[PDB]
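K.L.:
My questions will all concern the structure given below.
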DNA sequence: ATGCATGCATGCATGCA
DNA sequence: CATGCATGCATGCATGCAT
Ligand SMILES: Nc1ncnc2c1ncn2[C@@H]1O[C@H](COP(=O)(O)OP(=O)(O)O)[C@@H](O)[C@H]1O
Ligand SMILES: Nc1ncnc2c1ncn2[C@@H]1O[C@H](COP(=O)(O)OP(=O)(O)O)[C@@H](O)[C@H]1O
Ligand SMILES: [Mg+2]
Ligand SMILES: [Mg+2]
Ligand SMILES: [Zn+2]
Ligand SMILES: [Zn+2]
């Protein structure tokens, strides 16, 4: 019974190389000793191991000529066993708090969480060692052969739980004899201890009762998540699949629904021989950095300086949005101003005013409206794309649901809650039911939702910017009808937009040749024609817009006097046309607020603390050119 | 083809027209029927039989019964100025039997 | 323990009137004079005193022990005070009672969805609104056993939630094994209750939804919070393992969490006090005014621009709209409530409808009224249902049993319910209001429930005209999109018309633009206004005199002397006039309604629906006769 | 699936139908390894079940080892164990062949290892495998019932997707050297766009 | 001026947990 | 099996255009 087998591993030599690495490696003194010093001194609750460091250490030791072992390979194959080995070594080399403070299982004494960081690809190519832990895989490529290894999965998060306490080492106490018993837990359910097991109680005929002590137990933080496949990975004609993830320690709250991520972990198993699986998270990597995580590190300053000192930045950053689409310079400028936004305003009293810009594009067939909402949903770090048909109103706001992990009942949010602090690009705006658009009004104006159906009586938060696409009433434009009647949006909905462009397709033998040449060049060569313009890459553009969003310009009086005069001029000029029925509506204070917001955004893009008057001039020029196709 | 309240058992139950074979069917409020009732009565009065194709059961049943029906005219008052065919909702195919 | 009982003992616009006295000594004396047994303790008062600086932190980390230490210290101080002064009243009854301390104003929190496991068994504070409250649950503290062979009885005390069962009779004569039996009805019990709390968005990061908590209240704080109240609680953070089955004893690794309530605070500075007429048959319910605040109230009551100042102070960041502000102000006060014992019953609640062009600050006003009210829910028209406003039947997830819950219009009783998009709302979802706007009641007869429920609140509604914009080419009653019986209930109907005018255009443009010169910019502050309104609501009930009856009758017959081209006068305009006149009298703290209040009522009614600038024959607005003024 | 009777039990059969219900692929344990640090040695246990082999083998008492013979405690080595994939699918009679108005018949099929994911629901499939019987239809029990029988299923060893009209699977042919040569020869003619065009319908 | 056709809005049927 | 929410299908009503 229980025979024996021979393997090439050796859990003695590897532990020695572990200690050598952990107290002799340098990129200041030893690298990891300092991290342990911070842990002792109570400034760090997490220690992270970079496999690149281990690889470099063993490569250097090979250069020394002394024989060693392939530690990284051993970790990659069997990774759930090296966690405790590293914890043991870390518990035998810890220092004593240089600063001041104000048998038992070893885990009660530990206060730190060990995590492994996958092995990079560039280091692998540097030292010719093909890396298995840094190869992204789909949820459909993870099969039984991978159980027990350290791998990475690329996907999109769908559902996330709420952090909860999970007991790893229950503690008890005996009122009769005074001993302490410890029980380790590694399962979803457990049975507690009942009667004392000490020497004294054992000898005596009266055995005491034990009591759980909450304060002494080792409670950890537990969270669970679900990850799906990206549409670029699913095979032809199939449906995407899902996978589960566990998060324990100081990684909780590092995953939010809707985020495209690369997550590293250990693929571990859970009456039959069949078994459930899950990924124990060890390191997360976001594909698009959130704007509200920005810091002006030296590198990011060096990168933004080149853009600042390169002259034209407004045109450079507006020509770089969808560089395969010819023309539409003003449209791209207003869409670049969409990303930045104005400056929210609280008046200190119980009143607030939004600071985001809403934009609408109404035009004729085949003018590339959709392909610009698909590029704006990709530049933004938290973008969402939806089509008018495929929507329900509730599907945009919220509904009810129950959490499998815990027993709580939860409210699920729609696309407008996923896009919070982001752009919610709506295509086919005209074709969705008017009883479905009316839920967009409150989001557009108050940046909230109010649900008063059964079970739920509450409010949500949706700090979203809406980029809408629509078409005239009967397909193409009809010059005979009035501009207002040709479109099919009520006045109340129109007022809530700040920019409403009319992209009418009027043939002209001269300009169509340019479009034809651009498109056919885009097809013969897979890139855009111009050899003088070098568009800013999405990452460098996102980094600049993130730096710009930190400002909050104010206004002077020399600009206030201009703004008021322009508002009076526009609001007088508008009544004539509106009465004449050849118009677009009637100017309202929301027009003034939109002008102010556009000026603020143009000021921010310049990295300024004051709004110049050339910004209120650019804003007025944009709002004017918005309708300069109807006057062909 | 329904489910029995007590025995948890399926039951093939014909309507009143199949249950009144060799008898008489007395129908009240004959002018306020839905599509299903009109179709069933049409089949019964045409062929004196009722077909069914439901839940694996494909069969025909005998409905050799007489029909006595009561109804009210359009608008709640008979208008002698018009033919009877315009005072009632029933179409001609059912009113010719 | 000795250090604590000593430190707490010794611990127990600059001005010097009463700030130089022993604050807690007078409280201790009034408490022994009145028989009260609680001494609310402000934590920051502990942080102030030099000696009790560590104790603060200890209480923040070891609440359950420090609380008992404080309770024992307070009892000892009471005994020492009574004995030391040789006071006449007996010290025997005091020994037959118990005392407690209810600390509050503990270090602020950050949000219950950010607490980690290393915060268990610590003191915290939360703020939210109440949704449900279970009935009284008897919890056991003492068990009673009887001998079924000798009839001897025992009493056992509890320890951390377990009872010990005597294995043998304790009498010498009779010592039969396993002869004891528990007698349930002879035992002792305390009370318990569980309450759902929904946290307010004090802070919420990107993309998360609301979070509901469970709170436990014991002994004397039972049935003190209703459904809809906004409260701030201070209590302990706890964890518990949950049994996976009612038979099996295999515990679940994942632990539940809850909060033990030690203090609850209801009143808030930035809102009015709850109407006292709906809790007559029913913890600081209301704020208490000193004689110094009452002096300021009386002084303000005699100013020459009181009615203008009060209106202008509400929503100070809105421009003009003086008459809308006046109507909303009169809404808050309300009319006097009458109680009949031979007829029926009538109550004064003022419903207001706001119809006008887009971009006229209709949403901002409703948001202001929402934040300066004790109870009320701000629900738009799109996301509502007939049941979601009145009442539903549901099933809890920690019991699996049935229960009737409360809807939006019941959570707002004694307050104001705000409804946007009153026009983009269903015709059947809107009919449930018919009973709630004249009868102030909600009769339900559904499967297993047959009841009638009081829902005594007022309605503030905002609606757009058909076609969005208002065109004076149709009668007034056609621009609005409501049927007769629903539009008669509203006491005030406001028309908010836009009009292009360079003067007001410049003035409002300068107003709006003055807010962007700085990032953080005669108006009485909010707290004093709320205090004033609360006092007026609670204390003054004006009465109608014969001098006003003759004016009301004349004015109503006058409105009736004047088809379907406008809102024809019904019998509910007369009652609207009575209620508005009573509210106007209440604002000035008078106790008699006179002619000058009925006149204000009629003037405001006529000014609301732009009657001074309408043609009686065609019933259409003359845009030249409407001016902002 | 309609014509499969008790006459064919324990025989190699081929059945064609429509895939109606697939399952979620899961791993199955086939060898479990352990490490003992006190002795510094590795041990291993093996497991088996009814659906592993065709012949019948006396059941073994599957039990996961926790303690070594000497008493030394063991820890699992998840990375050195063995797991094999396992799926279960359901096949039904095609709508193109089932009689109209009658409820269809179904049969379960079990796949493992390299045949574990090759078809998707709603496809036309042909499975070659052994028709087997398992368990005891109350025979072992002293008194269980008199209205039950043995459970049956197919131990698949070949699966083929079939191409039909208005169906997900796409047709495909094997191209030989002759076919390629003929295609290349035919493509030289100048009227190719007309030859390939007049031959449509 | 009347009739027919098309589009929209109101209702019901399903499906659910 | 009743209650109440979200999807999807069906019908009847109103408006506009053409004869
Ligand atoms: N100005 C343009 N530059 C480049 N391509 C264009 C341009 N206008 C139209 N196209 C092409 O025509 C197609 C229009 O598709 P789409 O974006 O759906 O148009 P729309 O959404 O306006 O109906 C795109 O595939 C695009 O490549
Ligand atoms: N009289 C006014 N006083 C102050 N702000 C105003 C006024 N009129 C319009 N506004 C502006 O209008 C915006 C609010 O419009 P809103 O109330 O949402 O329109 P609606 O009333 O149609 O819902 C605010 O940003 C506010 O600054
Ligand atoms: Mg498009
Ligand atoms: Mg509004
Ligand atoms: Zn003991
Ligand atoms: Zn006894």
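Protein chains in written order, with PDB author numbering: chain 7, 4 to 30, 59 to 133, 191 to 358, 368 to 729; chain 2, 580 to 676; chain 4, 187 to 198, 215 to 484, 495 to 733, 740 to 780, 787 to 853; chain 3, 168 to 368.
Beta carbons are placed, not taken as given, at the ideal position from N, Cα and C, and that holds for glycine.
Which same chain residues, not among the five before or five after residue 275 (chain 4), have their C-beta less than 7 angstroms away from its C-beta?
P.N.:
Along the third chain, one-based indexing puts residue 275 (chain 4) at 73. Excluding positions up to five away in sequence, the list reads 191, 194 and 195.
K.L.:
So which residues of chain 7 does residue 620 (chain 4) contact, with C-beta pairs closer than 7 angstroms?
P.N.:
Looking up residue 620 (chain 4) in the third chain gives position 408. Within chain 7, the residues near residue 620 (chain 4) are 549 and 554.
K.L.:
Would the segment 741 to 755 of chain 4 and the segment 827 to 843 of chain 4 be scored as touching if the rule is three or more Cβ pairs under 8 angstroms?
P.N.:
Output reads no: the segment 827 to 843 of chain 4 does not touch the segment 741 to 755 of chain 4.
K.L.:
Give a yes or no on whether the C-beta atoms belonging to residue 681 (chain 7) and residue 580 (chain 7) are separated by under 7 angstroms.
P.N.:
Within the first chain, residue 681 (chain 7) is the residue found at index 584, counting from 1. Within the first chain, residue 580 (chain 7) is the residue found at index 483, counting from 1. The answer is yes: Cβ separation under 7 angstroms.
K.L.:
Shorter than 7 angstroms from the beta carbon of residue 635 (chain 2) to some beta carbon of chain 3?
P.N.:
In the second chain, residue 635 (chain 2) corresponds to position 56, counting from 1. By this cut-off, residue 635 (chain 2) is an interface position.
K.L.:
Cα separation between residue 409 (chain 4) and residue 283 (chain 4)?
P.N.:
Translated into the one-based positions of the third chain, residue 409 (chain 4) becomes position 207. Translated into the one-based positions of the third chain, residue 283 (chain 4) becomes position 81. Going by the C-alpha atoms only, they are around 57 angstroms apart.
K.L.:
Relative to chain 3, which residues along the segment 606 to 637 of chain 2 have a C-beta separation below 7 angstroms, given in chain order?
P.N.:
From the segment 606 to 637 of chain 2, only 632, 635 and 637 have a Cβ closer than 7 angstroms to chain 3.
K.L.:
Give me the subset of the segment 614 to 645 of chain 7 whose CB atoms are less than 7 angstroms from a CB atom of chain 3, sorted by chain position.
P.N.:
For the segment 614 to 645 of chain 7, which is checked against every Cβ of chain 3, not one residue is closer than 7 angstroms.
K.L.:
Would you say residue 722 (chain 4) lies against chain 7 (beta-carbon separation less than 7 angstroms)?
P.N.:
To locate residue 722 (chain 4), count along the third chain from 1; it is residue 510. Yes, contact with chain 7.
K.L.:
So, is residue 538 (chain 7) buried or exposed, given that buried needs 16 or more other C-beta atoms within 10 angstroms?
P.N.:
The residue labelled residue 538 (chain 7) in the question sits at position 441 within the first chain. The residue is buried, with at least 16 neighbouring Cβ atoms inside 10 Å.
K.L.:
Can you tell which of 365 (chain 4), 543 (chain 4), 397 (chain 4) and 278 (chain 4) has its C-alpha closest to the C-alpha of residue 414 (chain 4)?
P.N.:
Counting from 1 along the third chain, the entry for residue 414 (chain 4) is found at position 212. Answer by Cα proximity: 397 (chain 4).
K.L.:
Going by DSSP, what residue range makes up the alpha helix (DSSP H) through residue 345 (chain 3)?
P.N.:
On the fourth chain, residue 345 (chain 3) is found 178 positions in, with the first residue counted as 1. It spans 344 to 353 - the alpha helix (DSSP H) in which residue 345 (chain 3) sits, taken as one unbroken run.
K.L.:
Give me the residue from 312 (chain 4), 422 (chain 4), 495 (chain 4) and 455 (chain 4) with the minimum Cα distance to residue 310 (chain 7).
P.N.:
Stepping through the first chain from its first residue, residue 310 (chain 7) is reached at position 222. Here the closest residue by C-alpha is 455 (chain 4).
K.L.:
Is residue 616 (chain 7) near ligand 1 - that is, is its Cβ less than 6 angstroms away from at least one heavy atom of it?
P.N.:
As a first step, residue 616 (chain 7) is located in the first chain; it is residue number 519 there, counting from the start. Yes.
K.L.:
Please report the straight-line C-alpha distance between residue 649 (chain 2) and residue 629 (chain 2), rounded to a whole angstrom.
P.N.:
As a working mapping, residue 649 (chain 2) is identified with position 70 in the second chain. As a working mapping, residue 629 (chain 2) is identified with position 50 in the second chain. Going by the C-alpha atoms only, they are around 22 angstroms apart.
K.L.:
Of all the CB atoms in chain 7, is at least one closer than 7 angstroms to the CB of residue 642 (chain 4)?
P.N.:
The count along the third chain starts at 1 and reaches residue 642 (chain 4) at position 430. So no, residue 642 (chain 4) is outside the interface.
K.L.:
Between residue 66 (chain 7) and residue 202 (chain 7), what straight-line distance do the alpha-carbon atoms span, to the nearest angstrom?
P.N.:
Here the question's residue 66 (chain 7) lines up with position 35 in the first chain. Here the question's residue 202 (chain 7) lines up with position 114 in the first chain. Rounded to the nearest angstrom, the two C-alpha atoms are 12 angstroms apart.
K.L.:
Mind listing the chain 7 neighbours of residue 195 (chain 3)? Cutoff is C-beta to C-beta under 7 angstroms, in chain order.
P.N.:
Counted from its first residue, the fourth chain places residue 195 (chain 3) at position 28. In chain order: 370 and 371.
K.L.:
By the 7 angstroms beta-carbon criterion, what residues does the segment 257 to 276 of chain 3 contribute toward chain 2?
P.N.:
From the segment 257 to 276 of chain 3, only 268, 269 and 270 have a Cβ closer than 7 angstroms to chain 2.
K.L.:
Compare the C-beta of residue 336 (chain 7) with all C-beta atoms of chain 3 and state if any pair is closer than 7 angstroms.
P.N.:
Sequence index remark: in the first chain, residue 336 (chain 7) carries index 248 (1-based). No, residue 336 (chain 7) does not count as interfacial toward chain 3.
K.L.:
As a quick check of your reading: which residues have a C-beta less than 6 angstroms from at least one non-hydrogen atom of ligand 6, in chain order?
P.N.:
Output, sorted by chain position: 349 (chain 4), 351 (chain 4), 352 (chain 4), 354 (chain 4), 371 (chain 4), 373 (chain 4), 376 (chain 4), 378 (chain 4) and 381 (chain 4).
K.L.:
List, from N- to C-terminal side, the alpha helix (DSSP H) runs of 4 residues or more that fit wholly inside the segment 540 to 611 of chain 7.
P.N.:
Taking only runs of at least 4 residues, the alpha helix (DSSP H) segments lying wholly in the segment 540 to 611 of chain 7 are 580 to 583 and 588 to 592.
K.L.:
Comparing C-alpha positions only, which one of 226 (chain 4), 231 (chain 4), 232 (chain 4) and 239 (chain 4) sits nearest to residue 248 (chain 4)?
P.N.:
Here residue 248 (chain 4) is taken as the residue at index 46 of the third chain, counted from 1. Per the Cα distances, 226 (chain 4).
K.L.:
In whole angstroms, what is the alpha-carbon distance linking residue 724 (chain 7) and residue 596 (chain 7)?
P.N.:
Position 627 of the first chain, counting from 1, holds the residue named residue 724 (chain 7). Position 499 of the first chain, counting from 1, holds the residue named residue 596 (chain 7). Cα to Cα, the separation comes out at about 10 angstroms.
K.L.:
Would you say residue 422 (chain 7) touches ligand 1, meaning its beta carbon is less than 6 angstroms from a heavy atom?
P.N.:
The sequence position of residue 422 (chain 7) within the first chain is 325, counting from 1. Under cutoff, so the answer is yes.
K.L.:
Would residue 7 (chain 7) count as contacting chain 3 if we go by Cβ distances under 7 angstroms?
P.N.:
Numbered from its first residue, the first chain carries residue 7 (chain 7) at position 4. Interface residue, yes.
K.L.:
Just to make sure I have the definition right: I need the residues of chain 4 whose C-beta is within less than 8 angstroms of the C-beta of residue 303 (chain 7). Which are they?
P.N.:
As a position in the first chain, residue 303 (chain 7) is number 215, starting the count at 1. The answer, in chain order, is 322 and 323.
K.L.:
Hey, which residues come within less than 5 angstroms of ligand 5, measuring from Cβ to any heavy atom, in chain order?
P.N.:
Those residues are 262 (chain 7), 264 (chain 7), 265 (chain 7), 284 (chain 7), 286 (chain 7), 289 (chain 7) and 296 (chain 7), given in chain order.
K.L.:
Closer than 6 angstroms: is that where the CB of residue 579 (chain 7) sits relative to any heavy atom of ligand 1?
P.N.:
Along the first chain, read from residue 1 onward, the residue named residue 579 (chain 7) stands at position 482. Flag unset: Cβ of residue 579 (chain 7) not near ligand 1.
K.L.:
Leaving aside the five residues before and after residue 648 (chain 7) along the sequence, list all residues of the same chain whose C-beta is less than 6 angstroms from its C-beta, in chain order.
P.N.:
Numbered from 1 along the first chain, position 551 holds the residue referred to as residue 648 (chain 7). Only 701 meet the Cβ criterion.
K.L.:
Taking only beta-carbon positions, decide if residue 236 (chain 7) is within less than 7 angstroms of chain 3.
P.N.:
On the first chain, position 148 is the one that residue 236 (chain 7) refers to. Yes - at least one Cβ of chain 3 is within 7 angstroms of the one on residue 236 (chain 7).
K.L.:
Does residue 527 (chain 7) come out as helix, strand or coil in the three-state DSSP assignment?
P.N.:
Stepping through the first chain from its first residue, residue 527 (chain 7) is reached at position 430. Three-state DSSP puts residue 527 (chain 7) in a helix.
K.L.:
Who are the neighbours of residue 687 (chain 7) on chain 4, taking C-beta pairs under 7 angstroms?
P.N.:
In the first chain, the residue the question calls residue 687 (chain 7) occupies position 590. Residues of chain 4 passing the Cβ test: 571.
K.L.:
Any C-beta of chain 4 sitting closer than 7 angstroms to the C-beta of residue 501 (chain 7)?
P.N.:
What you label residue 501 (chain 7) is simply residue 404 of the first chain in a count that begins at 1. Chain 4 contact via Cβ: absent.
K.L.:
If you pair each beta-carbon of the segment 662 to 676 of chain 7 with each one of the segment 713 to 728 of chain 4, do three or more pairs fall below 8 angstroms?
P.N.:
With the cut-off at 8 angstroms, the segment 662 to 676 of chain 7 and the segment 713 to 728 of chain 4 touch.
K.L.:
Anyone know if the C-beta pair for residue 192 (chain 3) and residue 290 (chain 3) falls short of 7 angstroms?
P.N.:
Taking the first residue of the fourth chain as 1, we reach residue 192 (chain 3) at position 25. Taking the first residue of the fourth chain as 1, we reach residue 290 (chain 3) at position 123. No.
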